[PDB]
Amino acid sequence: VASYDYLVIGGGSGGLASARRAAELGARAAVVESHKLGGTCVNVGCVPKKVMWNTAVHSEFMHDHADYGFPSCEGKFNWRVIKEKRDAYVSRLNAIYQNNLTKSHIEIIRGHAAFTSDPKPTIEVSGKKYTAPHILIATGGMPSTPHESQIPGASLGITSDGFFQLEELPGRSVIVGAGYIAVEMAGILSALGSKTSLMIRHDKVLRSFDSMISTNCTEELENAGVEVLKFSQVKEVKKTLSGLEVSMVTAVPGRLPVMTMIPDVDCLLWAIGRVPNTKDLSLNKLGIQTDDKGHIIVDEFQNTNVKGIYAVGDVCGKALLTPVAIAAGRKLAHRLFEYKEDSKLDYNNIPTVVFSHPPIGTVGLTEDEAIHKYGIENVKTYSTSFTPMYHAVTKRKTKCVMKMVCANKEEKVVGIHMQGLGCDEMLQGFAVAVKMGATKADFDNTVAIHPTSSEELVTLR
């Protein structure tokens, strides 16, 4: 039994960040990783997605070429060219992260970890045992797929993991789900020329976002050629002579249900959610508490119910983002190795960007959330809608919408929501201001930058 100061299960965003910080603090740490370092974000998440987004963005801008005085750009996108370059980039990152661990003197244990029956919390990886007075579980999650039992032929569709393995652009694609990944994939496939449908259970996407965003986002998708099938769900999928055939039920409220077959489908993509990866950890050998979806339960300091066992990131199932896992992993290292007992992550005011077309940025409370928190009488919003100057000369248009949610008489800024060109890079600094407790006066007293989209947020009336 080899002992360490800190054992980290999972070499993804949270696991890498926590191990690295702990090592800086003097801890003798090891990272257990069964697949590729960098975890979901590097291999099949943030990175490859952003590359594909940049690619789709190229497609769109190329539609405006002629408006801008250039000669028309003619054609066919070549999927394998970009696919090969994307894969190489990911390989580069895998090598970098491995180096990052080595330079920090962090041991890398390759293989799948599971807890043992042993009294003191101990793990086994390939027949060898390892132990530490502090063990971090950061095994992340995976894409959720339906059971053949409830949707026959569901196994014929792929997930976002499968998306990153595609070698050719699918002719016809159907995406099921209404959350960020669904929206992002539909947007990439459509821009690159796939005849895309997005199938959602209700009438809008991103229904958990502020209502101005879910509405606007649903519209922009339609404007960009994505067919949004509302109140629809898959009833069954089958392999026909040439592609898949999707049976769906459309149940608009106030209407009779109607069944429709979708033929000649090349790609059926499930983007219905993520499941935590805890199934094969042998948690129950230590009685570690999970919820009914398999998420590990933790307190505000990332503690599990078992002393010296912590969990961070996607496995805990809250705020499923790379930077959250990183921040929580880091705070935890300071608490354990720097004896900063108050060291923990504040889960309020975490900013998010959705790489749609145009991108979405949000931080803080939606209007409804502020209303429930402070009361209708105490919430005031400010909003704007405009056409970015970029489209002053194009036949193709997109809009920019922004909304500011204020609370109390002071008009404290409690939420910012926007969609529009530039929004992906614009959010960060306002997120700083919101975190600091800025009020509308603070925004208003900041001199604008002209001409930009960002200035609109500081001149709301």
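When you see a residue number, it is the position in the sequence shown, counting from 1.
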Q) Comparing 248 to 256 with 297 to 305, where is the mean C-alpha B-factor higher? A) 248 to 256
Q. 421 to 429 versus 54 to 62: which one carries the higher mean Cα B factor per the record?
A. 54 to 62
Q) Out of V447, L25, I9, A438, which shows the largest CA B-factor listed in the entry? A) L25
Q.
I'd like to know which of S91, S232, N100, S72 has the highest C-alpha temperature factor in the PDB entry.
A. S72
**Q.** Third of the chain, ranked by Cα B-factor, where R86 sits
**A.** lowest
Q: Divide the modelled residues of the chain into thirds by Cα B-factor and specify which third, lowest, middle or highest, holds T322.
A: lowest
Q) Mind checking which third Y339 falls in for C-alpha B-factor across the chain? A) highest
Q. Considering only modelled residues of the same chain, in which third does the CA B-factor of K412 rank: lowest, middle or highest?
A. highest
Q: Sorting the chain's modelled residues by C-alpha B-factor, tell me whether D210 ends up in the lowest, middle or highest third.
A: lowest
